[PDB]
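What's in model-v5.pdb: PDB, C-alpha atoms and all ligand atoms
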MODEL        1
ATOM      1  CA  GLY A   1     155.928  94.505 -43.794  1.00  0.00           C
ATOM      2  CA  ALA A   2     153.496  91.663 -44.103  1.00  0.00           C
ATOM      3  CA  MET A   3     153.158  90.362 -40.463  1.00  0.00           C
ATOM      4  CA  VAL A   4     149.492  89.846 -39.421  1.00  0.00           C
ATOM      5  CA  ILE A   5     149.880  87.405 -36.405  1.00  0.00           C
ATOM      6  CA  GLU A   6     152.915  87.205 -34.094  1.00  0.00           C
ATOM      7  CA  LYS A   7     152.848  85.034 -30.947  1.00  0.00           C
ATOM      8  CA  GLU A   8     156.008  84.654 -28.824  1.00  0.00           C
ATOM      9  CA  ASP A   9     157.228  82.490 -25.983  1.00  0.00           C
ATOM     10  CA  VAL A  10     154.254  80.312 -25.364  1.00  0.00           C
ATOM     11  CA  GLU A  11     153.958  76.580 -24.620  1.00  0.00           C
ATOM     12  CA  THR A  12     151.642  73.575 -24.679  1.00  0.00           C
ATOM     13  CA  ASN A  13     151.650  71.481 -21.528  1.00  0.00           C
ATOM     14  CA  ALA A  14     149.362  69.445 -19.261  1.00  0.00           C
ATOM     15  CA  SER A  15     147.932  72.511 -17.556  1.00  0.00           C
ATOM     16  CA  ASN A  16     146.530  74.057 -20.754  1.00  0.00           C
ATOM     17  CA  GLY A  17     145.241  70.794 -22.345  1.00  0.00           C
ATOM     18  CA  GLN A  18     148.421  70.862 -24.552  1.00  0.00           C
ATOM     19  CA  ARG A  19     146.944  73.782 -26.446  1.00  0.00           C
ATOM     20  CA  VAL A  20     147.399  77.510 -27.090  1.00  0.00           C
ATOM     21  CA  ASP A  21     144.152  78.986 -28.384  1.00  0.00           C
ATOM     22  CA  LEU A  22     144.554  81.612 -31.131  1.00  0.00           C
ATOM     23  CA  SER A  23     140.900  81.525 -32.337  1.00  0.00           C
ATOM     24  CA  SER A  24     140.590  85.324 -31.780  1.00  0.00           C
ATOM     25  CA  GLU A  25     142.785  85.623 -34.907  1.00  0.00           C
ATOM     26  CA  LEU A  26     140.515  83.569 -37.196  1.00  0.00           C
ATOM     27  CA  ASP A  27     139.179  86.559 -39.174  1.00  0.00           C
ATOM     28  CA  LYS A  28     142.765  87.647 -40.037  1.00  0.00           C
ATOM     29  CA  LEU A  29     143.436  84.148 -41.467  1.00  0.00           C
ATOM     30  CA  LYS A  30     140.151  84.017 -43.390  1.00  0.00           C
ATOM     31  CA  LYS A  31     141.117  87.216 -45.245  1.00  0.00           C
ATOM     32  CA  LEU A  32     144.490  85.838 -46.549  1.00  0.00           C
ATOM     33  CA  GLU A  33     145.074  84.772 -50.186  1.00  0.00           C
ATOM     34  CA  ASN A  34     148.883  84.495 -50.303  1.00  0.00           C
ATOM     35  CA  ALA A  35     150.280  83.601 -46.854  1.00  0.00           C
ATOM     36  CA  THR A  36     153.158  82.302 -44.787  1.00  0.00           C
ATOM     37  CA  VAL A  37     152.890  80.406 -41.437  1.00  0.00           C
ATOM     38  CA  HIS A  38     156.239  80.132 -39.655  1.00  0.00           C
ATOM     39  CA  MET A  39     156.836  78.398 -36.246  1.00  0.00           C
ATOM     40  CA  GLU A  40     160.066  77.976 -34.294  1.00  0.00           C
ATOM     41  CA  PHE A  41     159.454  75.309 -31.653  1.00  0.00           C
ATOM     42  CA  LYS A  42     161.029  72.607 -29.441  1.00  0.00           C
ATOM     43  CA  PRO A  43     159.067  69.325 -29.119  1.00  0.00           C
ATOM     44  CA  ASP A  44     159.609  67.245 -25.952  1.00  0.00           C
ATOM     45  CA  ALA A  45     162.326  64.491 -27.031  1.00  0.00           C
ATOM     46  CA  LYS A  46     160.114  61.227 -27.193  1.00  0.00           C
ATOM     47  CA  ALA A  47     157.311  62.831 -29.147  1.00  0.00           C
ATOM     48  CA  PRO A  48     153.946  61.306 -30.096  1.00  0.00           C
ATOM     49  CA  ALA A  49     153.832  59.711 -33.570  1.00  0.00           C
ATOM     50  CA  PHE A  50     151.512  62.450 -34.801  1.00  0.00           C
ATOM     51  CA  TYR A  51     151.271  65.944 -33.314  1.00  0.00           C
ATOM     52  CA  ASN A  52     149.932  69.325 -34.547  1.00  0.00           C
ATOM     53  CA  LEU A  53     152.087  72.473 -34.720  1.00  0.00           C
ATOM     54  CA  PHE A  54     149.493  74.945 -36.040  1.00  0.00           C
ATOM     55  CA  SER A  55     145.893  74.183 -37.063  1.00  0.00           C
ATOM     56  CA  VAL A  56     142.576  75.768 -37.912  1.00  0.00           C
ATOM     57  CA  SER A  57     139.563  73.582 -37.287  1.00  0.00           C
ATOM     58  CA  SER A  58     135.789  73.459 -36.952  1.00  0.00           C
ATOM     59  CA  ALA A  59     133.330  72.949 -34.106  1.00  0.00           C
ATOM     60  CA  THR A  60     130.702  71.496 -36.522  1.00  0.00           C
ATOM     61  CA  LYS A  61     132.674  69.782 -39.300  1.00  0.00           C
ATOM     62  CA  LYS A  62     135.078  67.148 -38.027  1.00  0.00           C
ATOM     63  CA  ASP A  63     136.843  66.724 -41.364  1.00  0.00           C
ATOM     64  CA  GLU A  64     137.392  70.378 -42.356  1.00  0.00           C
ATOM     65  CA  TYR A  65     140.702  71.731 -41.071  1.00  0.00           C
ATOM     66  CA  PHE A  66     144.188  72.939 -41.866  1.00  0.00           C
ATOM     67  CA  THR A  67     147.210  71.483 -40.045  1.00  0.00           C
ATOM     68  CA  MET A  68     150.955  71.841 -40.146  1.00  0.00           C
ATOM     69  CA  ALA A  69     151.952  68.720 -38.222  1.00  0.00           C
ATOM     70  CA  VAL A  70     154.798  66.251 -37.511  1.00  0.00           C
ATOM     71  CA  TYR A  71     154.300  62.580 -38.352  1.00  0.00           C
ATOM     72  CA  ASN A  72     157.064  60.187 -37.159  1.00  0.00           C
ATOM     73  CA  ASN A  73     159.376  63.280 -37.185  1.00  0.00           C
ATOM     74  CA  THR A  74     158.474  64.203 -40.819  1.00  0.00           C
ATOM     75  CA  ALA A  75     157.117  67.758 -41.135  1.00  0.00           C
ATOM     76  CA  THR A  76     153.762  67.368 -42.871  1.00  0.00           C
ATOM     77  CA  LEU A  77     150.748  69.433 -43.963  1.00  0.00           C
ATOM     78  CA  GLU A  78     147.094  68.845 -44.726  1.00  0.00           C
ATOM     79  CA  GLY A  79     144.065  70.918 -45.635  1.00  0.00           C
ATOM     80  CA  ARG A  80     140.552  69.607 -46.200  1.00  0.00           C
ATOM     81  CA  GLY A  81     137.454  71.606 -47.010  1.00  0.00           C
ATOM     82  CA  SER A  82     133.775  71.123 -46.215  1.00  0.00           C
ATOM     83  CA  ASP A  83     133.625  68.067 -48.487  1.00  0.00           C
ATOM     84  CA  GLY A  84     136.639  66.516 -46.634  1.00  0.00           C
ATOM     85  CA  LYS A  85     138.589  66.475 -49.914  1.00  0.00           C
ATOM     86  CA  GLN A  86     142.394  67.193 -49.906  1.00  0.00           C
ATOM     87  CA  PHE A  87     143.620  70.698 -50.740  1.00  0.00           C
ATOM     88  CA  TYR A  88     147.296  69.627 -51.155  1.00  0.00           C
ATOM     89  CA  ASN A  89     149.308  66.663 -52.259  1.00  0.00           C
ATOM     90  CA  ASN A  90     150.428  64.244 -49.536  1.00  0.00           C
ATOM     91  CA  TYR A  91     153.278  65.505 -47.326  1.00  0.00           C
ATOM     92  CA  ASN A  92     153.424  62.485 -44.919  1.00  0.00           C
ATOM     93  CA  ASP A  93     156.364  61.117 -46.830  1.00  0.00           C
ATOM     94  CA  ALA A  94     158.016  64.507 -47.567  1.00  0.00           C
ATOM     95  CA  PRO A  95     161.790  64.235 -47.141  1.00  0.00           C
ATOM     96  CA  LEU A  96     162.650  66.609 -44.247  1.00  0.00           C
ATOM     97  CA  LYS A  97     162.338  65.712 -40.544  1.00  0.00           C
ATOM     98  CA  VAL A  98     162.468  67.761 -37.365  1.00  0.00           C
ATOM     99  CA  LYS A  99     164.657  66.719 -34.447  1.00  0.00           C
ATOM    100  CA  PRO A 100     162.592  66.436 -31.219  1.00  0.00           C
ATOM    101  CA  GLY A 101     164.168  67.785 -28.093  1.00  0.00           C
ATOM    102  CA  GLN A 102     165.834  70.517 -30.154  1.00  0.00           C
ATOM    103  CA  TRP A 103     164.836  73.889 -31.687  1.00  0.00           C
ATOM    104  CA  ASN A 104     163.420  73.518 -35.183  1.00  0.00           C
ATOM    105  CA  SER A 105     161.516  75.717 -37.571  1.00  0.00           C
ATOM    106  CA  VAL A 106     158.774  74.776 -40.034  1.00  0.00           C
ATOM    107  CA  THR A 107     157.456  77.242 -42.643  1.00  0.00           C
ATOM    108  CA  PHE A 108     154.385  76.820 -44.886  1.00  0.00           C
ATOM    109  CA  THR A 109     153.688  79.178 -47.823  1.00  0.00           C
ATOM    110  CA  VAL A 110     150.630  79.400 -49.970  1.00  0.00           C
ATOM    111  CA  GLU A 111     150.236  81.247 -53.251  1.00  0.00           C
ATOM    112  CA  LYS A 112     146.784  81.652 -54.773  1.00  0.00           C
ATOM    113  CA  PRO A 113     146.377  80.572 -58.440  1.00  0.00           C
ATOM    114  CA  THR A 114     147.564  83.152 -61.025  1.00  0.00           C
ATOM    115  CA  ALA A 115     148.005  83.059 -64.773  1.00  0.00           C
ATOM    116  CA  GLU A 116     151.497  81.485 -64.412  1.00  0.00           C
ATOM    117  CA  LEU A 117     150.635  79.337 -61.328  1.00  0.00           C
ATOM    118  CA  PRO A 118     147.381  77.964 -62.622  1.00  0.00           C
ATOM    119  CA  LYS A 119     146.647  75.693 -59.648  1.00  0.00           C
ATOM    120  CA  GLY A 120     148.448  77.799 -57.079  1.00  0.00           C
ATOM    121  CA  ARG A 121     151.513  76.739 -55.167  1.00  0.00           C
ATOM    122  CA  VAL A 122     152.158  75.415 -51.625  1.00  0.00           C
ATOM    123  CA  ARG A 123     155.574  74.868 -50.040  1.00  0.00           C
ATOM    124  CA  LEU A 124     156.736  73.400 -46.695  1.00  0.00           C
ATOM    125  CA  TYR A 125     160.237  74.163 -45.455  1.00  0.00           C
ATOM    126  CA  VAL A 126     162.025  72.655 -42.454  1.00  0.00           C
ATOM    127  CA  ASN A 127     164.908  74.610 -40.785  1.00  0.00           C
ATOM    128  CA  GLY A 128     165.107  76.980 -43.768  1.00  0.00           C
ATOM    129  CA  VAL A 129     165.228  74.165 -46.420  1.00  0.00           C
ATOM    130  CA  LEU A 130     162.502  73.428 -48.978  1.00  0.00           C
ATOM    131  CA  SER A 131     161.000  69.990 -48.228  1.00  0.00           C
ATOM    132  CA  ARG A 132     158.279  69.683 -50.895  1.00  0.00           C
ATOM    133  CA  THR A 133     156.258  71.905 -53.289  1.00  0.00           C
ATOM    134  CA  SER A 134     152.623  70.952 -54.073  1.00  0.00           C
ATOM    135  CA  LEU A 135     150.802  72.312 -57.117  1.00  0.00           C
ATOM    136  CA  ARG A 136     147.322  70.845 -56.550  1.00  0.00           C
ATOM    137  CA  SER A 137     145.708  74.004 -55.182  1.00  0.00           C
ATOM    138  CA  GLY A 138     146.438  77.238 -53.400  1.00  0.00           C
ATOM    139  CA  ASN A 139     143.491  76.771 -51.056  1.00  0.00           C
ATOM    140  CA  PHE A 140     143.722  77.981 -47.456  1.00  0.00           C
ATOM    141  CA  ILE A 141     141.492  79.227 -44.668  1.00  0.00           C
ATOM    142  CA  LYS A 142     139.340  81.394 -47.001  1.00  0.00           C
ATOM    143  CA  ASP A 143     138.229  78.062 -48.496  1.00  0.00           C
ATOM    144  CA  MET A 144     136.965  76.626 -45.243  1.00  0.00           C
ATOM    145  CA  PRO A 145     133.534  78.107 -44.465  1.00  0.00           C
ATOM    146  CA  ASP A 146     132.868  76.271 -41.181  1.00  0.00           C
ATOM    147  CA  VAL A 147     136.091  76.874 -39.262  1.00  0.00           C
ATOM    148  CA  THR A 148     135.805  78.214 -35.722  1.00  0.00           C
ATOM    149  CA  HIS A 149     139.107  77.477 -33.943  1.00  0.00           C
ATOM    150  CA  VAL A 150     142.818  78.247 -34.371  1.00  0.00           C
ATOM    151  CA  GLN A 151     145.456  76.615 -32.164  1.00  0.00           C
ATOM    152  CA  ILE A 152     148.970  75.512 -31.503  1.00  0.00           C
ATOM    153  CA  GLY A 153     148.881  71.953 -30.186  1.00  0.00           C
ATOM    154  CA  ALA A 154     145.772  69.873 -29.371  1.00  0.00           C
ATOM    155  CA  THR A 155     143.137  70.550 -32.100  1.00  0.00           C
ATOM    156  CA  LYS A 156     139.382  70.613 -31.558  1.00  0.00           C
ATOM    157  CA  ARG A 157     137.598  68.801 -34.440  1.00  0.00           C
ATOM    158  CA  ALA A 158     133.892  68.955 -33.550  1.00  0.00           C
ATOM    159  CA  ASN A 159     133.501  67.054 -30.279  1.00  0.00           C
ATOM    160  CA  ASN A 160     136.949  65.480 -30.262  1.00  0.00           C
ATOM    161  CA  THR A 161     140.325  66.969 -29.505  1.00  0.00           C
ATOM    162  CA  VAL A 162     143.411  65.329 -31.021  1.00  0.00           C
ATOM    163  CA  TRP A 163     147.127  65.824 -31.895  1.00  0.00           C
ATOM    164  CA  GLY A 164     148.229  67.303 -28.535  1.00  0.00           C
ATOM    165  CA  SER A 165     151.875  67.273 -27.485  1.00  0.00           C
ATOM    166  CA  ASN A 166     154.156  69.337 -25.243  1.00  0.00           C
ATOM    167  CA  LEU A 167     155.925  72.120 -27.242  1.00  0.00           C
ATOM    168  CA  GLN A 168     157.883  75.235 -26.381  1.00  0.00           C
ATOM    169  CA  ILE A 169     157.099  77.896 -29.030  1.00  0.00           C
ATOM    170  CA  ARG A 170     159.632  80.740 -29.461  1.00  0.00           C
ATOM    171  CA  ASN A 171     157.397  82.177 -32.120  1.00  0.00           C
ATOM    172  CA  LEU A 172     154.465  81.733 -34.392  1.00  0.00           C
ATOM    173  CA  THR A 173     154.328  84.314 -37.189  1.00  0.00           C
ATOM    174  CA  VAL A 174     151.769  84.584 -39.951  1.00  0.00           C
ATOM    175  CA  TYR A 175     152.432  86.826 -42.982  1.00  0.00           C
ATOM    176  CA  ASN A 176     149.976  88.073 -45.615  1.00  0.00           C
ATOM    177  CA  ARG A 177     152.303  87.151 -48.490  1.00  0.00           C
ATOM    178  CA  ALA A 178     154.265  84.021 -49.424  1.00  0.00           C
ATOM    179  CA  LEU A 179     157.911  84.434 -48.382  1.00  0.00           C
ATOM    180  CA  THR A 180     160.357  83.320 -51.068  1.00  0.00           C
ATOM    181  CA  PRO A 181     162.822  80.489 -50.446  1.00  0.00           C
ATOM    182  CA  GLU A 182     165.519  83.209 -50.019  1.00  0.00           C
ATOM    183  CA  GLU A 183     163.394  84.922 -47.397  1.00  0.00           C
ATOM    184  CA  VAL A 184     162.698  81.627 -45.585  1.00  0.00           C
ATOM    185  CA  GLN A 185     166.520  81.035 -45.514  1.00  0.00           C
ATOM    186  CA  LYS A 186     167.210  84.363 -43.766  1.00  0.00           C
ATOM    187  CA  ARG A 187     163.980  85.170 -41.875  1.00  0.00           C
ATOM    188  CA  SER A 188     163.450  81.826 -40.074  1.00  0.00           C
TER     189      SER A 188
HETATM  190  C1  LIG B   1     148.107  64.268 -42.249  1.00  0.00           C
HETATM  191  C2  LIG B   1     147.425  62.975 -41.888  1.00  0.00           C
HETATM  192  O1  LIG B   1     148.068  61.909 -41.787  1.00  0.00           O
HETATM  193  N1  LIG B   1     146.100  63.106 -41.687  1.00  0.00           N
HETATM  194  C3  LIG B   1     145.190  61.968 -41.543  1.00  0.00           C
HETATM  195  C4  LIG B   1     144.878  61.744 -40.042  1.00  0.00           C
HETATM  196  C5  LIG B   1     146.076  61.497 -39.139  1.00  0.00           C
HETATM  197  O2  LIG B   1     146.927  60.466 -39.698  1.00  0.00           O
HETATM  198  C6  LIG B   1     145.625  61.074 -37.721  1.00  0.00           C
HETATM  199  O3  LIG B   1     144.560  61.907 -37.231  1.00  0.00           O
HETATM  200  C7  LIG B   1     146.803  61.132 -36.758  1.00  0.00           C
HETATM  201  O4  LIG B   1     146.453  60.444 -35.553  1.00  0.00           O
HETATM  202  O5  LIG B   1     143.997  60.612 -39.899  1.00  0.00           O
HETATM  203  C8  LIG B   1     142.709  60.811 -40.513  1.00  0.00           C
HETATM  204  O6  LIG B   1     142.031  59.564 -40.392  1.00  0.00           O
HETATM  205  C9  LIG B   1     141.640  59.260 -39.055  1.00  0.00           C
HETATM  206  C10 LIG B   1     140.104  59.141 -38.992  1.00  0.00           C
HETATM  207  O7  LIG B   1     139.647  58.376 -40.112  1.00  0.00           O
HETATM  208  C11 LIG B   1     139.652  58.428 -37.705  1.00  0.00           C
HETATM  209  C12 LIG B   1     138.177  58.139 -37.746  1.00  0.00           C
HETATM  210  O8  LIG B   1     137.896  57.868 -36.381  1.00  0.00           O
HETATM  211  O9  LIG B   1     140.315  57.194 -37.499  1.00  0.00           O
HETATM  212  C13 LIG B   1     141.730  57.405 -37.374  1.00  0.00           C
HETATM  213  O10 LIG B   1     142.397  56.184 -37.051  1.00  0.00           O
HETATM  214  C14 LIG B   1     142.162  55.840 -35.684  1.00  0.00           C
HETATM  215  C15 LIG B   1     141.720  54.375 -35.577  1.00  0.00           C
HETATM  216  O11 LIG B   1     140.637  54.042 -36.448  1.00  0.00           O
HETATM  217  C16 LIG B   1     141.365  54.223 -34.096  1.00  0.00           C
HETATM  218  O12 LIG B   1     140.543  53.078 -33.831  1.00  0.00           O
HETATM  219  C17 LIG B   1     142.705  54.204 -33.343  1.00  0.00           C
HETATM  220  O13 LIG B   1     143.518  53.143 -33.865  1.00  0.00           O
HETATM  221  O14 LIG B   1     143.424  55.447 -33.523  1.00  0.00           O
HETATM  222  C18 LIG B   1     143.418  56.097 -34.825  1.00  0.00           C
HETATM  223  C19 LIG B   1     143.608  57.610 -34.645  1.00  0.00           C
HETATM  224  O15 LIG B   1     144.696  57.896 -35.531  1.00  0.00           O
HETATM  225  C20 LIG B   1     142.346  57.950 -38.662  1.00  0.00           C
HETATM  226  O16 LIG B   1     143.780  58.153 -38.518  1.00  0.00           O
HETATM  227  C21 LIG B   1     141.908  61.915 -39.786  1.00  0.00           C
HETATM  228  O17 LIG B   1     140.867  62.423 -40.326  1.00  0.00           O
HETATM  229  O18 LIG B   1     142.296  62.252 -38.627  1.00  0.00           O
HETATM  230  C22 LIG B   1     142.866  61.059 -42.022  1.00  0.00           C
HETATM  231  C23 LIG B   1     143.867  62.193 -42.264  1.00  0.00           C
HETATM  232  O19 LIG B   1     144.122  62.325 -43.671  1.00  0.00           O
ENDMDL
END
Could I get this file's structure written as structure tokens?
Ligand SMILES: CC(=O)N[C@H]1[C@H]([C@H](O)[C@H](O)CO)O[C@@](O[C@H]2[C@@H](O)[C@@H](CO)O[C@@H](O[C@H]3[C@H](O)[C@@H](O)[C@@H](O)O[C@@H]3CO)[C@@H]2O)(C(=O)O)C[C@@H]1O
Amino acid sequence: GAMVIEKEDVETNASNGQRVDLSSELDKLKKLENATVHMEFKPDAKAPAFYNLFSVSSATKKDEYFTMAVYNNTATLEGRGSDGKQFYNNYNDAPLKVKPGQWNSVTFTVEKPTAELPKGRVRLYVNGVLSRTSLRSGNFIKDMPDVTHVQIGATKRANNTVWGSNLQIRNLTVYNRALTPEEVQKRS
């Protein structure tokens, strides 16, 4: 199939700086045009207001990163390139929330522009259910020339580290194609 990264049974906690480093996998992510990032995780129950699930970030450019995050329980998403400009529409007020202290999944899909999808297509799903589609761009890691780091949890942006929380992660899976809504429903 299309599985390029699979990480199972890991966690963010005090002893690892609330972070699982996956930066060894950066080149795999840079190569992707259509992609899926899927994470099944359990946040500690009284979560921070903003925390990162999966991010790619840069040691030299503080405002160039990709993040699938949770903001006041809302599953959210943001990508910014080397000019700091937004790749996607705002997801901070997307409709679907996770429940902390319980198992949840969040799935992002990205489809590069095509003749019929002229600006590409991005989707975020929460527990198998489409939360919001964004048709601003189909930009992703290939569009971020200065990235250096990949992580679950606390995210290094230049000389600062932010968005840490304690998470149990049953799996992180990255695919080299965009799963369909039907596939997200069954494969989560
Ligand atoms: C998806 C999203 O909301 N991204 C925005 C983020 C996050 O809201 C934030 O990192 C979550 O904590 O915020 C961004 O803007 C931050 C940035 O401008 C820095 C500059 O130092 O300031 C942050 O606010 C500070 C505040 O100024 C501090 O004095 C103190 O109050 O804490 C906060 C830290 O949140 C901005 O939130 C970002 O780049 O991180 C803009 C993103 O679009």
Where is the centre and how long are the edges: axis-aligned box on segment 19-34 of chain A, 8 Å on each side, Å to one decimal, as JSON:
{"center_x": 144.0, "center_y": 80.7, "center_z": -38.4, "size_x": 25.7, "size_y": 29.9, "size_z": 39.9}
Write out as a list in words each polymer residue (protein, DNA or RNA) that has an atom no more than 7 Å from ligand LIG 1 (chain B), with all atoms listed in the file counted.
->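 The residues near ligand LIG 1 (chain B) are residues 50, 63, 76, 77, 78, 92 and 163 of chain A.
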The selected residues should be written to file as a PDB file, keeping the file's coordinate frame (atoms: C-alpha atoms).
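File selection-v8.pdb, as written:
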ATOM      1  CA  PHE A  50     151.512  62.450 -34.801  1.00  0.00           C
ATOM      2  CA  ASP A  63     136.843  66.724 -41.364  1.00  0.00           C
ATOM      3  CA  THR A  76     153.762  67.368 -42.871  1.00  0.00           C
ATOM      4  CA  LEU A  77     150.748  69.433 -43.963  1.00  0.00           C
ATOM      5  CA  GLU A  78     147.094  68.845 -44.726  1.00  0.00           C
ATOM      6  CA  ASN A  92     153.424  62.485 -44.919  1.00  0.00           C
ATOM      7  CA  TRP A 163     147.127  65.824 -31.895  1.00  0.00           C
TER       8      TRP A 163
END
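Among A:47, A:53, A:169, A:147, the residue with the shortest atom-to-atom distance to residue 82 of chain A, counting only C-alpha atoms, is A:147.
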Mind telling me what the PyMOL selection byres (((chain A and resi 66) around 8) and not hetatm) catches here, as number ranges by chain?
-> A: 55-57, 64-65, 67-68, 77-80, 140-141
Identify all residues satisfying the PyMOL selection byres (((chain A and resi 5) around 12) and not hetatm) in the given file; provide them as a list in words.
->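 When the PyMOL selection byres (((chain A and resi 5) around 12) and not hetatm) is applied to the shown file, the picked residues are residues 1, 2, 3, 4, 6, 7, 8, 22, 23, 24, 25, 26, 27, 28, 29, 32, 35, 36, 37, 38, 39, 150, 171, 172, 173, 174, 175 and 176 of chain A.
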Using only C-alpha atoms, which residue out of A:181, A:145, A:164, A:120 lies closest to residue 59 of chain A?
->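 Nearest candidate to residue 59 of chain A out of A:181, A:145, A:164, A:120: A:145.
The shortest atom-to-atom distance to residue 151 of chain A, with only C-alpha atoms taken into account, belongs to A:10 out of A:10, A:49, A:94, A:70.
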For residue 154 of chain A: contacts at 8 Å, all atoms listed in the file, fewer than 2 positions along chain excluded, given as a list in words | residues 17, 18, 19, 51, 52, 151, 152, 156, 161, 162, 163, 164 and 165 of chain A
Hey, can you check how far atom CA of residue 135 of chain A sits from atom CA of residue 106 of chain A?
-> 19.0 Å
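The space separating atom CA of residue 81 of chain A from atom CA of residue 146 of chain A comes to 8.8 Å.
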Point out the residue among A:31, A:98, A:84, A:111 with the least atom-to-atom distance to residue 58 of chain A, counting all atoms listed in the file.
-> A:84
